[PDB]
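Chemist: So that we are looking at the same thing, I have put the structure below in structure tokens.
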20 protein chains.
Amino acid sequence: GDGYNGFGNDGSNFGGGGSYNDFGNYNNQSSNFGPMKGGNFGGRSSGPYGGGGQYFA
Amino acid sequence: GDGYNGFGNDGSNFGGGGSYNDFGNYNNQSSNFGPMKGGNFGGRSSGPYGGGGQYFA
Amino acid sequence: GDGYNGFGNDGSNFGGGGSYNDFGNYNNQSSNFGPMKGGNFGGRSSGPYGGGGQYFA
Amino acid sequence: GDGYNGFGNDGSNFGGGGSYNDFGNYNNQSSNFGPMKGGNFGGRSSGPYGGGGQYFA
Amino acid sequence: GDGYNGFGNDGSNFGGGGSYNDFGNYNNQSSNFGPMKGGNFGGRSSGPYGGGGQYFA
Amino acid sequence: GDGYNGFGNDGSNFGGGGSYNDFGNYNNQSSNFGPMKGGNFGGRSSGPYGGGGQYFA
Amino acid sequence: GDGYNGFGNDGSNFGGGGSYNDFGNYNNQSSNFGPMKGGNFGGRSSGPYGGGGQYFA
Amino acid sequence: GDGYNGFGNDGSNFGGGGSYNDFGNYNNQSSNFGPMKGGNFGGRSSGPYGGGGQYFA
Amino acid sequence: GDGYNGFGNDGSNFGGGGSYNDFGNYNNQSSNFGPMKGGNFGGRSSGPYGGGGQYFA
Amino acid sequence: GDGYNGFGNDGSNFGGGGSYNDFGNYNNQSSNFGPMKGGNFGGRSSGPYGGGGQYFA
Amino acid sequence: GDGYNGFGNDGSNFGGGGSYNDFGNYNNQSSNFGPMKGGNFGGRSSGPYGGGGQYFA
Amino acid sequence: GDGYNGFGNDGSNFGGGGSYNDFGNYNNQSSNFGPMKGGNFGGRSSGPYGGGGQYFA
Amino acid sequence: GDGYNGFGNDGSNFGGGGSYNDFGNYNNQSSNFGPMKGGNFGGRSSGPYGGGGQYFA
Amino acid sequence: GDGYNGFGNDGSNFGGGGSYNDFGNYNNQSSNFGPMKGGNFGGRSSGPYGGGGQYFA
Amino acid sequence: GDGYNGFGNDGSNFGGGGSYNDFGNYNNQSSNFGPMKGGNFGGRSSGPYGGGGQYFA
Amino acid sequence: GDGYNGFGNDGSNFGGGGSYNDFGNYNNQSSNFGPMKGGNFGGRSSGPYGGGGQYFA
Amino acid sequence: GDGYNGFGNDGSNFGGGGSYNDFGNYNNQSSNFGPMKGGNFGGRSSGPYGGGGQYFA
Amino acid sequence: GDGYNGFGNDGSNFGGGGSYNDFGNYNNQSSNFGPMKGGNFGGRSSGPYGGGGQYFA
Amino acid sequence: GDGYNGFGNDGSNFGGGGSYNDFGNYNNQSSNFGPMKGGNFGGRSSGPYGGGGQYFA
Amino acid sequence: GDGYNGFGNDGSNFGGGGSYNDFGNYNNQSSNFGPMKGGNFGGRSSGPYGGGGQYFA
């Protein structure tokens, strides 16, 4: 099958080292190593029901 | 079969080393090592019901 | 099947080592090693019912 | 069957070694080693009922 | 089936060595070694009933 | 059947060795060794009834 | 079935050896060895009844 | 049937060896060895009745 | 059935060896050796009745 | 039928050898050896009646 | 049924050999050997009646 | 039924040879051997009636 | 089958190290190493139902 | 099949190092290394239903 | 098969290092290394149903 | 088969280093390295249904 | 087959370094390196249905 | 087989460095390096259906 | 086979460096380097259906 | 076989340095380097169907 011979995969210290950073919500922020099946996704929404609006600002 | 021969996979110390940071809600911040089946996802929302709104600011 | 020959799988010290960090709610912050089935997810919400809103600030 | 030959799996000292850190609520902060079936999740919420709102700040 | 040949699995000393830290509420903070069935989860909430609000600050 | 041949499983000294720490409420802080069925969970809440709010600060 | 050939399972000295540490309420701080069925849980709450609130500070 | 061949299970000296520590209320702090059925839990609460609040400070 | 061949189970000297410690109330602090059925629990509270509050300082 | 072949089960000298230690109220602090049915518990409380509060400090 | 072949069950010398200790009230401090039915419990309380409070200083 | 083939059950010298140790009321400090039914308990209390408070210091 | 011989895969410190950054919502921000099947996606929305609008300001 | 002999693959520090940046919604921001099947996508919107508008401003 | 012998592949620090940048919605902004099958796409939209309009301003 | 021997494949710092930019909606902004099959596309729109217009300004 | 020996392939810093720029919708803005099959496309529109107009102001 | 021996291939800083530039819709603004098969295209339109007009101004 | 030995293949800074420029719709604006097969095309329109006009004001 | 030995192939700064320019629709504006097969084309149109007119002004 497929293979992977990566040396030095790092992927570390996600936040970057800035202070006062705000991490939003429903994100995918994972670090994944090794064979993966099923793919990688972001957050999912089903929007508000019964006429509720969805607002970003 | 799919292989993986990674040296130095790290993925450590997520927060980055900054202070006063504010990690989010429902995030997938995990670090995963080894064969994975079923995919990697962010957070999921079924939005408010009965005309409740969803608001970000 | 699938394999994993990883040397030095860190994933440690998640908070990053900064002080005054605030960790949010319903997150997935786990560190997972070994073969995994069923996928890795963030948090999940069924939003408020009967006209309650969901608010972020 | 899927294998795992990880040498040196850390996942330790989660908090990072900073002081005055404030850990979250309903988070998944576990460290898991060995074959896993059923998947890895964050926290789950069913939002308030009868028109109660859900608020973050 | 699946297998796991991990050498040195650490996963120890969760709090990180910081002082004045405040570990939160309903979190999953366990360290789990060995075959697992049924998945790993965060906390769960059924939100307040009868119009009670849920508030984070 | 799923195997596990982990050497040096540690998982010890949870609190991290810092002083003046506060371990919060309803957390899962266990260390589990051996084959597990039924999954690993955080704490659970059925939030207040009859219009009582749930407050974090 | 499943198996576990762990050498050196430790899991000891939970509090970490810090002084003035405060251990909170309803936690699961157990150390568990051997086959486990039924899963590992944190604390459980049914919130106050008749309009009493639940507060953390 | 599931096996377990753990060498050196330890699980000892829970308090950590620090002085002036204060262990909590209703915690599960047990050390359990041998095959377990019915799961491991934290403490359980039914909150106050008749409008009494629940307060952590 | 389920087996256990553990050598050196220890589980001893719970208090840790520190002085001036204050073991709390209603905890489970037992050390249990052998086949266990019915699960392991923390303490239980049916919170105060008739408008009495529950307070942790 | 389950089994247990543990060598050296110890579980001894509970208090740890520290001095001026206070062993608080209603704990379970037993050391139990052999087959067990009905599970292991902590202390149980039914809170005060008629508007009496429950206070920890 | 279940079996137990424990060698060296010990369970001895509860107090730890420290001095000036207070083995406080209503604890279960027993050491029990041989097959047990009906479970193991801590102390039990039915709290004060007629508006009397319960106070831990 | 259920068996017990233990050797060297000890369970002796409850205090560990410390000095000026003292014992609280209603403790269970028994050492029990052979088959048991009905379970092992700590002390039981029905708290003061008529508005009398229960106090620990 | 397809190969990968990457040296120095970095992918680290996602946030860039600026302060006061606000990571958004439902994003995919993962770092993925090793063979992948099923593709990589952004976030998904099923937009609001029953005449609710979707607003970006 | 296809091959890849990339030396020094960087892909790091996504945010760029600017402060006060506001990362978007539903984006794909991942860094992916190793052979990929199923393509790479942005976000997906199934726009509002029942006459709700979609507005970007 | 197709080959790739690229030395020094950058793709880093995506945002450019400017401050106050706003990252859009549903973009693809990933950095991808190694054999790719299935193609690379932007966002996808199905416009509002039932006579709702789509507006960019 | 087709080859690629490119030295110095930059493609970094997409945003350009200007401030106050808007990296607008549905774009494809990825940086792709290595052999690619399936083609590279922009965003896709199925325009509004049931007489809704599509508007740019 | 076909080959490519390009030295210094830049393609970097797309935005140009201007401030207040406004990147578009559904564009293809990717930088792609290495052999490509299936062609490079812009965005695609299936224009509004049911008599909805398409307007560029 | 066709070849390409280009020294210094730029294609960078697409926007040109002007401010307040507006990047339109569905464009192919990609930068492509290496062998290409399937050709390069602009955006594609299928005009509105059911008598909707298409307007540029 | 056909060759190309070009030195200094610029094609950069597309927008030209003027401000307030308005890049149009469905254009092909790519910069393409290396052997190309399938031709290079502008945008495509399948003009409106069912009596809709196409207007360039 | 054809050849090409151009020095300084330029093709840059397409917009021409002018401000307030308005680039057209469906154009081909690409800059292409290396051998090409299939020819270079402008835009393409299929005129409006069902009696629609095509108008330029």
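Using ideal geometry, Cβ is built from the backbone for each residue, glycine included, and neighbour counts are taken over all protein chains shown. Every read-out reported here was derived from the displayed coordinates using simple, explicitly stated rules and does not represent laboratory data.
Chemist: If you scan the stretch S:1-20, which residues turn out to be surrounded by 24 or more Cβ atoms within 10 Å (Cβ to Cβ) and either farther than 20 Å from residue Q:39 by Cβ or of a type in the set (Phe, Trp, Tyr) (or both)?
Modeler: Correct list: S:4, S:9, S:12, S:14, S:15.
Chemist: Right, another one. Go through the stretch S:6-57 and give me each residue that's on the phi > 0 side of the Ramachandran plot and not aromatic (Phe, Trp, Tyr).
Modeler: Of everything in the stretch S:6-57, those that are on the phi > 0 side of the Ramachandran plot and not aromatic (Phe, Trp, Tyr) turn out to be S:8, S:11, S:13, S:16, S:17, S:34, S:38, S:39, S:50, S:51.
Chemist: Is it true that residue E:20 is out of contact with any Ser or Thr (no Cβ under 9 Å at 6 or more places or on another chain) and of a type in the set (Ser, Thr, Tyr)?
Modeler: Taking the combined requirement at face value, the residue does not satisfy it.
Chemist: Being in a strand (DSSP E or B) and surrounded by fewer than 22 Cβ atoms within 10 Å (Cβ to Cβ) is the filter here, so list the residues in the stretch O:26-57 that pass it.
Modeler: Within the stretch O:26-57, O:37, O:46, O:55, O:56 qualify.
Chemist: Oh, and also: Among the residues of the stretch O:1-23, write down those that are hydroxyl-bearing (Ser, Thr, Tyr) and touching a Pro at 6+ places or on another chain (Cβ under 6 Å).
Modeler: Passing the criteria: only O:4.
Chemist: How many residues are closer than 30 Å to residue F:47 by Cβ and either assigned to a strand (DSSP E or B) or touching a residue at least 12 places away in the same chain (Cβ under 8 Å) (or both) if we restrict to the stretch H:1-24? I'd like the intermediate steps shown before the answer.
Modeler: Step one: list which residues in the stretch H:1-24 are closer than 30 Å to residue F:47 by Cβ, which gives H:22-24.
Subset that is either assigned to a strand (DSSP E or B) or touching a residue at least 12 places away in the same chain (Cβ under 8 Å) (or both): H:22.
Residues that pass the stated criteria total 1.
Chemist: Could you go through the stretch L:32-42 and let me know if any residue there is in contact with a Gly (Cβ under 7 Å, 6 or more places away or on another chain) and of a type in the set (A, V, I, L, M).
Modeler: Within the stretch L:32-42, one or more residues are in contact with a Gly (Cβ under 7 Å, 6 or more places away or on another chain) and of a type in the set (A, V, I, L, M).
Chemist: If you don't mind, another one. Every residue in the stretch E:4-57 that is over 30 Å from residue F:51 (Cα atoms) and either in contact with an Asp or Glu (Cβ under 7 Å, 6 or more places away or on another chain) or more than 7 Å from every other protein chain (Cβ to nearest Cβ) (or both), please. Spell out how you get there, then give the answer.
Modeler: Within the stretch E:4-57, the subset over 30 Å from residue F:51 (Cα atoms) is E:4-21, E:29-40.
Those that are over 30 Å from residue F:51 (Cα atoms) and either in contact with an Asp or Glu (Cβ under 7 Å, 6 or more places away or on another chain) or more than 7 Å from every other protein chain (Cβ to nearest Cβ) (or both): E:9, E:10, E:11, E:12, E:35.
Chemist: Here's a follow-up. Give me a count of the residues in the stretch E:15-34 that are closer than 24 Å to residue D:6 by Cα and in contact with a strand residue (DSSP E or B) (Cβ under 7 Å, 6 or more places away or on another chain).
Modeler: 6
Chemist: Just need a number here: residues in the stretch M:11-57 that are polar (S, T, N, Q) and more than 19 Å from the chain's Cα centre (by Cα).
Modeler: Initially, the stretch M:11-57 is screened for residues polar (S, T, N, Q), giving M:12-13, M:19, M:21, M:25, M:27-32, M:40, M:45-46, M:54.
So of that shortlist, the ones also more than 19 Å from the chain's Cα centre (by Cα) come out as M:19, M:54.
Residues flagged as polar (S, T, N, Q) and more than 19 Å from the chain's Cα centre (by Cα) within the stretch M:11-57 amount to 2.
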